[PDB]
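Asks: Starting off with a structure, shown below.
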Amino acid sequence: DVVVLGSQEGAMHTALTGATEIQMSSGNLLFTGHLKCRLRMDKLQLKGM
Amino acid sequence: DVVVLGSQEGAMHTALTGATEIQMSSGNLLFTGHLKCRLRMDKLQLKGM
Amino acid sequence: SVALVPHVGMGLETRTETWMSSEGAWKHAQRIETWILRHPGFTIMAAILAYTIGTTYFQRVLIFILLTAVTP
Amino acid sequence: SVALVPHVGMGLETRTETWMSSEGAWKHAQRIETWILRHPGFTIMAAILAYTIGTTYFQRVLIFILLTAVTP
């Protein structure tokens with residue numbers, strides 16, 4: 001006989017522990033992660049001396 | 001913020017692997033398991049000699 | 001969760017097949033083989049540790065198969 | 001199932017807490033401690049095996065903590 005194994009949503013969440021989560025409703029709203037700038041600053045007064 | 005962890009029905013089934021299953025709809029209909037008779041047989045013809 | 005403690009050697013057996021019918025055993029073996037196949041560097045590290053500590057051959061093989069099986 | 005291979009040392013970390021926020025580690029430790037507490041006879045058997053094979057003290061302690069951790 002046949003048996004549906006049931007929803008594995010809880011087992012899915014227990015699988016994806018240790019992974020960062022993200023809100024994704026409006027296209028994408030991606031979060032936590034880093035990036036690397038090089039910064040050039042000539043072009044700068046001190047808001048008036 | 002709060003997060004429901006989801007249904008663990010699949011994780012439940014994966015937990016209760018290695019256990020005998022049982023249909024239980026009408027009160028109980030218990031299955032696989034053993035018992036021990038001692039059998040006395042005096043009281044027996046051979047359906048006629 | 002109830003992802004583990006998978007009710008294995010508790011007893012309570014019978015003549016009939018219980019729930020997964022000899023599929024959970026192959027499940028366990030195939031997932032640990034798959035995890036060894038994905039991460040060879042930890043296998044090499046475990047082999048080096050087995051060669052360093054112990055140093056009698058049977059002890060080496062024992063702790064190597066254990067450190068392959070220590071993964072959660 | 002996806003009860004295991006729980007995406008642990010894959011990398012990909014960040015400054016922020018990932019999913020269970022240091023609850024899965026204590027989950028793992030507490031369930032293996034609970035399973036040791038329920039089944040003392042296998043712990044005694046593992047201790048006897050650790051005393052028999054190996055026989056240098058560090059090897060004994062290593063394979064004893066491993067045979068406590070070999071449970072699925």
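In the structure tokens, chains take letters A, B, ... by order of appearance, with residues numbered from 1 within each chain and ligands from 1 in the order shown.
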Report the closest atom pair, with its distance in Å rounded to one decimal, for each residue of chain D that has an atom no farther than 10 Å from chain B; count only C-alpha atoms, sort by chain and then rising residue number, and write it as JSON lines.

Replies:
```
{"residue": "D:1", "atom": "CA", "partner": "B:14", "partner_atom": "CA", "distance": 7.3}
{"residue": "D:2", "atom": "CA", "partner": "B:11", "partner_atom": "CA", "distance": 8.3}
{"residue": "D:3", "atom": "CA", "partner": "B:11", "partner_atom": "CA", "distance": 6.4}
```

Asks: Could you fit chain B onto chain A by least squares over every C-alpha atom, paired in order, and give me the moved chain as a short mmCIF file (atom, residue, chain, number, x, y, z; two decimals) with N, CA, C and O atoms, in the first residue's frame?

Replies:
```
data_model
loop_
_atom_site.label_atom_id
_atom_site.label_comp_id
_atom_site.auth_asym_id
_atom_site.auth_seq_id
_atom_site.Cartn_x
_atom_site.Cartn_y
_atom_site.Cartn_z
N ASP B 1 0.84 -1.19 0.00
CA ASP B 1 0.00 0.00 0.00
C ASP B 1 0.88 1.24 0.00
O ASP B 1 2.07 1.18 0.31
N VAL B 2 0.27 2.38 -0.32
CA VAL B 2 0.96 3.64 -0.53
C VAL B 2 0.78 4.53 0.69
O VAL B 2 -0.24 4.45 1.39
N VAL B 3 1.79 5.35 0.99
CA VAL B 3 1.78 6.23 2.16
C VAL B 3 2.45 7.54 1.80
O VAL B 3 3.65 7.56 1.49
N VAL B 4 1.71 8.64 1.87
CA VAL B 4 2.33 9.96 1.80
C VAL B 4 3.18 10.19 3.03
O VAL B 4 2.80 9.87 4.16
N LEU B 5 4.36 10.77 2.82
CA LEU B 5 5.29 10.90 3.93
C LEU B 5 5.01 12.16 4.75
O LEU B 5 5.50 12.29 5.88
N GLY B 6 4.22 13.08 4.22
CA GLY B 6 3.82 14.25 4.98
C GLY B 6 4.67 15.46 4.63
O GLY B 6 5.63 15.38 3.86
N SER B 7 4.29 16.61 5.18
CA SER B 7 5.05 17.83 4.97
C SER B 7 6.41 17.73 5.65
O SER B 7 6.50 17.35 6.82
N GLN B 8 7.46 18.07 4.92
CA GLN B 8 8.78 18.20 5.51
C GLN B 8 9.21 19.64 5.67
O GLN B 8 10.38 19.94 5.45
N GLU B 9 8.31 20.54 6.04
CA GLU B 9 8.71 21.93 6.20
C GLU B 9 9.58 22.11 7.44
O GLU B 9 10.57 22.85 7.43
N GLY B 10 9.23 21.42 8.52
CA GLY B 10 10.03 21.47 9.73
C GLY B 10 11.39 20.84 9.54
O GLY B 10 12.41 21.37 9.99
N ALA B 11 11.41 19.71 8.83
CA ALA B 11 12.67 19.04 8.54
C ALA B 11 13.50 19.86 7.58
O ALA B 11 14.73 19.87 7.66
N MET B 12 12.84 20.58 6.68
CA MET B 12 13.51 21.54 5.81
C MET B 12 14.18 22.65 6.60
O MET B 12 15.32 23.01 6.31
N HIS B 13 13.48 23.21 7.59
CA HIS B 13 14.06 24.29 8.38
C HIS B 13 15.23 23.78 9.21
O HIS B 13 16.28 24.44 9.32
N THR B 14 15.09 22.57 9.76
CA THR B 14 16.17 21.93 10.49
C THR B 14 17.35 21.62 9.57
O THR B 14 18.50 21.61 10.01
N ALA B 15 17.08 21.40 8.29
CA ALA B 15 18.17 21.26 7.33
C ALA B 15 18.85 22.59 7.08
O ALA B 15 20.07 22.68 7.10
N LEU B 16 18.07 23.64 6.85
CA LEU B 16 18.75 24.89 6.55
C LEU B 16 19.04 25.73 7.78
O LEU B 16 19.15 26.95 7.65
N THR B 17 19.20 25.13 8.95
CA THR B 17 19.95 25.81 9.99
C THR B 17 21.39 26.08 9.54
O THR B 17 21.93 25.43 8.64
N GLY B 18 22.01 27.06 10.19
CA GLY B 18 23.34 27.47 9.80
C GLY B 18 23.42 28.22 8.50
O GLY B 18 24.50 28.35 7.93
N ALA B 19 22.29 28.73 8.00
CA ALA B 19 22.25 29.49 6.76
C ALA B 19 21.56 30.80 7.03
O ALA B 19 20.61 30.86 7.82
N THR B 20 22.03 31.86 6.38
CA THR B 20 21.41 33.16 6.57
C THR B 20 20.04 33.20 5.90
O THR B 20 19.81 32.56 4.86
N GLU B 21 19.12 33.91 6.54
CA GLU B 21 17.77 34.01 6.04
C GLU B 21 17.63 35.33 5.31
O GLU B 21 18.47 36.22 5.43
N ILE B 22 16.53 35.48 4.58
CA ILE B 22 16.29 36.69 3.82
C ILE B 22 14.80 36.84 3.53
O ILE B 22 14.10 35.89 3.15
N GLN B 23 14.31 38.05 3.79
CA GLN B 23 13.02 38.51 3.30
C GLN B 23 13.09 38.65 1.79
O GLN B 23 13.97 39.34 1.26
N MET B 24 12.15 38.01 1.10
CA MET B 24 12.03 38.17 -0.35
C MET B 24 10.56 38.19 -0.70
O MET B 24 9.94 37.14 -0.92
N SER B 25 9.98 39.39 -0.72
CA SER B 25 8.60 39.58 -1.13
C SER B 25 8.53 40.49 -2.35
O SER B 25 7.89 40.15 -3.34
N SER B 26 9.19 41.64 -2.31
CA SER B 26 9.15 42.61 -3.40
C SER B 26 10.41 42.42 -4.24
O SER B 26 11.40 43.12 -4.06
N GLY B 27 10.36 41.45 -5.15
CA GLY B 27 11.45 41.22 -6.08
C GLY B 27 12.63 40.57 -5.41
O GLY B 27 12.89 39.37 -5.61
N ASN B 28 13.35 41.35 -4.62
CA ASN B 28 14.36 40.89 -3.68
C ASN B 28 14.68 42.03 -2.73
O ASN B 28 14.59 43.21 -3.11
N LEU B 29 15.04 41.70 -1.50
CA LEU B 29 15.52 42.67 -0.53
C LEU B 29 16.74 42.16 0.20
O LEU B 29 16.74 42.18 1.44
N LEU B 30 17.76 41.69 -0.53
CA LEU B 30 18.84 40.90 0.03
C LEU B 30 19.62 41.65 1.09
O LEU B 30 19.82 42.87 1.01
N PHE B 31 20.01 40.93 2.12
CA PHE B 31 20.67 41.36 3.33
C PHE B 31 21.95 40.58 3.47
O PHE B 31 22.49 40.07 2.48
N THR B 32 22.38 40.42 4.71
CA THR B 32 23.70 40.29 5.34
C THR B 32 24.71 39.63 4.39
O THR B 32 24.45 38.53 3.88
N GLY B 33 25.85 40.26 4.17
CA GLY B 33 26.91 40.01 3.23
C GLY B 33 27.71 41.31 3.15
O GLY B 33 27.25 42.38 3.52
N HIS B 34 28.93 41.18 2.64
CA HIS B 34 29.87 42.29 2.72
C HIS B 34 30.31 42.68 1.32
O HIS B 34 30.08 41.95 0.36
N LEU B 35 30.96 43.83 1.23
CA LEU B 35 31.55 44.27 -0.02
C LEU B 35 32.77 45.12 0.32
O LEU B 35 33.02 45.45 1.48
N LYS B 36 33.51 45.48 -0.72
CA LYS B 36 34.84 46.06 -0.57
C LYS B 36 34.96 47.31 -1.43
O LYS B 36 35.01 47.21 -2.66
N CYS B 37 35.02 48.46 -0.79
CA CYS B 37 35.22 49.73 -1.46
C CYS B 37 36.68 50.12 -1.39
O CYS B 37 37.38 49.82 -0.42
N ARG B 38 37.14 50.80 -2.43
CA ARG B 38 38.30 51.66 -2.35
C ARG B 38 37.79 53.09 -2.42
O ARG B 38 36.90 53.40 -3.21
N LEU B 39 38.32 53.95 -1.57
CA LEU B 39 37.70 55.23 -1.28
C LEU B 39 38.66 56.34 -1.64
O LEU B 39 39.79 56.37 -1.13
N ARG B 40 38.22 57.27 -2.48
CA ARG B 40 39.05 58.40 -2.85
C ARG B 40 38.33 59.68 -2.46
O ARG B 40 37.12 59.84 -2.71
N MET B 41 39.09 60.60 -1.87
CA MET B 41 38.59 61.67 -1.03
C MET B 41 39.16 63.04 -1.33
O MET B 41 39.33 63.80 -0.38
N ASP B 42 39.54 63.36 -2.58
CA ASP B 42 40.27 64.62 -2.75
C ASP B 42 39.41 65.86 -2.51
O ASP B 42 39.43 66.41 -1.40
N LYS B 43 38.73 66.36 -3.53
CA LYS B 43 37.32 66.74 -3.60
C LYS B 43 36.55 66.87 -2.29
O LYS B 43 35.37 66.51 -2.23
N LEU B 44 37.14 67.47 -1.25
CA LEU B 44 36.49 67.57 0.06
C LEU B 44 36.98 68.79 0.81
O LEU B 44 38.15 68.86 1.19
N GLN B 45 36.08 69.73 1.06
CA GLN B 45 36.36 70.77 2.02
C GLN B 45 35.96 70.31 3.41
O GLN B 45 35.42 69.22 3.59
N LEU B 46 36.24 71.14 4.41
CA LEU B 46 35.87 70.82 5.79
C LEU B 46 34.58 71.48 6.23
O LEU B 46 34.45 71.76 7.43
N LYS B 47 33.64 71.72 5.31
CA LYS B 47 32.46 72.57 5.51
C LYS B 47 32.89 73.94 6.03
O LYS B 47 32.48 74.42 7.09
N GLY B 48 33.80 74.53 5.27
CA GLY B 48 34.28 75.85 5.57
C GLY B 48 35.34 75.87 6.65
O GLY B 48 35.16 75.30 7.73
N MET B 49 36.46 76.53 6.38
CA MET B 49 37.36 76.85 7.46
C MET B 49 36.99 78.27 7.87
O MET B 49 36.56 78.50 9.00
#
```

Asks: Please list as an NGL selection string every residue within 10 Å of range 56-64 of chain D, counting only C-alpha atoms and excluding residues in the same chain fewer than 6 positions away.

Replies: (:C and (53-54 or 59 or 62-63 or 66-67)) or (:D and (43-50 or 70))

Asks: Go ahead and save the picked residues with N, CA and C atoms, as a PDB file, in the first residue's frame.

Replies:
```
ATOM      1  N   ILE C  53      47.951   9.353  15.436  1.00  0.00           N
ATOM      2  CA  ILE C  53      47.615   8.875  16.774  1.00  0.00           C
ATOM      3  C   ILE C  53      47.165   7.426  16.651  1.00  0.00           C
ATOM      4  N   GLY C  54      47.354   6.639  17.708  1.00  0.00           N
ATOM      5  CA  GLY C  54      47.132   5.215  17.554  1.00  0.00           C
ATOM      6  C   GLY C  54      48.399   4.467  17.198  1.00  0.00           C
ATOM      7  N   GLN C  59      43.859   0.129  15.301  1.00  0.00           N
ATOM      8  CA  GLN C  59      43.428   1.364  15.941  1.00  0.00           C
ATOM      9  C   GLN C  59      43.278   2.477  14.918  1.00  0.00           C
ATOM     10  N   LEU C  62      40.062   1.844  12.912  1.00  0.00           N
ATOM     11  CA  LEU C  62      38.936   2.140  13.787  1.00  0.00           C
ATOM     12  C   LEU C  62      38.673   3.631  13.913  1.00  0.00           C
ATOM     13  N   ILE C  63      39.706   4.409  14.231  1.00  0.00           N
ATOM     14  CA  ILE C  63      39.429   5.823  14.443  1.00  0.00           C
ATOM     15  C   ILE C  63      39.231   6.548  13.127  1.00  0.00           C
ATOM     16  N   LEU C  66      35.588   5.949  12.391  1.00  0.00           N
ATOM     17  CA  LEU C  66      34.837   6.754  13.342  1.00  0.00           C
ATOM     18  C   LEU C  66      34.823   8.225  12.955  1.00  0.00           C
ATOM     19  N   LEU C  67      35.984   8.802  12.628  1.00  0.00           N
ATOM     20  CA  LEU C  67      36.001  10.198  12.195  1.00  0.00           C
ATOM     21  C   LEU C  67      35.364  10.422  10.833  1.00  0.00           C
TER      22      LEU C  67
ATOM     23  N   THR D  43      27.136   2.774  27.055  1.00  0.00           N
ATOM     24  CA  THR D  43      28.240   3.595  27.536  1.00  0.00           C
ATOM     25  C   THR D  43      29.263   2.741  28.271  1.00  0.00           C
ATOM     26  N   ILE D  44      28.782   1.791  29.076  1.00  0.00           N
ATOM     27  CA  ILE D  44      29.681   0.881  29.782  1.00  0.00           C
ATOM     28  C   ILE D  44      30.419  -0.016  28.793  1.00  0.00           C
ATOM     29  N   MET D  45      29.716  -0.457  27.748  1.00  0.00           N
ATOM     30  CA  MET D  45      30.338  -1.283  26.717  1.00  0.00           C
ATOM     31  C   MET D  45      31.412  -0.511  25.957  1.00  0.00           C
ATOM     32  N   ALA D  46      31.149   0.766  25.685  1.00  0.00           N
ATOM     33  CA  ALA D  46      32.123   1.604  25.001  1.00  0.00           C
ATOM     34  C   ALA D  46      33.330   1.862  25.886  1.00  0.00           C
ATOM     35  N   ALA D  47      33.099   2.000  27.193  1.00  0.00           N
ATOM     36  CA  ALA D  47      34.202   2.199  28.127  1.00  0.00           C
ATOM     37  C   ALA D  47      35.083   0.960  28.211  1.00  0.00           C
ATOM     38  N   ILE D  48      34.462  -0.222  28.179  1.00  0.00           N
ATOM     39  CA  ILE D  48      35.225  -1.469  28.205  1.00  0.00           C
ATOM     40  C   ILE D  48      36.038  -1.623  26.927  1.00  0.00           C
ATOM     41  N   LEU D  49      35.440  -1.274  25.786  1.00  0.00           N
ATOM     42  CA  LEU D  49      36.168  -1.342  24.520  1.00  0.00           C
ATOM     43  C   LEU D  49      37.314  -0.343  24.477  1.00  0.00           C
ATOM     44  N   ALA D  50      37.103   0.834  25.065  1.00  0.00           N
ATOM     45  CA  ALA D  50      38.163   1.826  25.139  1.00  0.00           C
ATOM     46  C   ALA D  50      39.298   1.348  26.026  1.00  0.00           C
ATOM     47  N   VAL D  70      29.043   8.103  18.184  1.00  0.00           N
ATOM     48  CA  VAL D  70      28.752   7.380  16.945  1.00  0.00           C
ATOM     49  C   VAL D  70      27.266   7.164  16.729  1.00  0.00           C
TER      50      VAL D  70
END
```

Asks: State, in Å with one decimal place, the distance from CA of residue 25 in chain C to CA of residue 12 in chain C.

Replies: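 Between CA of residue 25 in chain C and CA of residue 12 in chain C the gap is 17.7 Å.
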
Asks: Rounded to one decimal in Å, what is the spacing between CA of residue 20 in chain C and CA of residue 4 in chain C?

Replies: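 Atom-to-atom, CA of residue 20 in chain C and CA of residue 4 in chain C are spaced 14.9 Å apart.
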
Asks: Mind checking which residues fall within 10 Å of range 27-33 of chain D, counting only C-alpha atoms, ignoring those fewer than 4 positions away in the same chain, and posting them as a compact mmCIF listing (two decimals) with N, CA, C and O atoms, in the first residue's frame?

Replies:
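Produced file selection.txt, reproduced below:
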```txt
# COMPACT_ATOMS: atom_id res chain seq x y z
N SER C 1 15.51 18.80 16.54
CA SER C 1 14.08 18.52 16.54
C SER C 1 13.86 17.03 16.71
O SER C 1 14.55 16.37 17.46
N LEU C 4 16.25 13.70 14.61
CA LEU C 4 17.06 12.60 15.09
C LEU C 4 16.36 11.95 16.28
O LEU C 4 15.18 12.19 16.53
N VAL C 5 17.14 11.14 17.00
CA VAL C 5 16.69 10.09 17.92
C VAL C 5 15.65 9.25 17.16
O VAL C 5 14.46 9.32 17.47
N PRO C 72 27.46 15.09 11.94
CA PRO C 72 26.06 15.06 12.37
C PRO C 72 25.10 14.91 11.19
O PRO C 72 25.28 14.01 10.36
N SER D 22 22.77 29.82 17.60
CA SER D 22 23.46 29.06 18.65
C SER D 22 22.51 28.19 19.46
O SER D 22 22.75 27.92 20.64
N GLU D 23 21.42 27.74 18.84
CA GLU D 23 20.52 26.80 19.49
C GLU D 23 20.71 25.40 18.93
O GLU D 23 20.44 24.42 19.64
N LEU D 37 22.24 9.29 28.74
CA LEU D 37 21.57 9.12 30.02
C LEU D 37 20.49 8.05 29.96
O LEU D 37 20.20 7.39 30.97
N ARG D 38 19.89 7.84 28.79
CA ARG D 38 18.86 6.81 28.71
C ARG D 38 19.44 5.42 28.58
O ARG D 38 18.83 4.45 29.05
N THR D 68 30.80 7.36 22.12
CA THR D 68 29.59 8.03 22.58
C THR D 68 28.97 8.85 21.46
O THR D 68 27.75 9.01 21.41
N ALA D 69 29.79 9.36 20.55
CA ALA D 69 29.24 10.19 19.49
C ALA D 69 28.89 9.43 18.22
O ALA D 69 28.46 10.05 17.25
N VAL D 70 29.04 8.10 18.18
CA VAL D 70 28.75 7.38 16.95
C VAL D 70 27.27 7.16 16.73
O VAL D 70 26.87 6.65 15.68
N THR D 71 26.43 7.49 17.70
CA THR D 71 25.00 7.27 17.56
C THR D 71 24.42 8.18 16.49
O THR D 71 24.86 9.33 16.34
N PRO D 72 23.48 7.69 15.66
CA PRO D 72 22.87 8.53 14.63
C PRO D 72 21.83 9.49 15.20
O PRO D 72 22.10 10.19 16.18
```
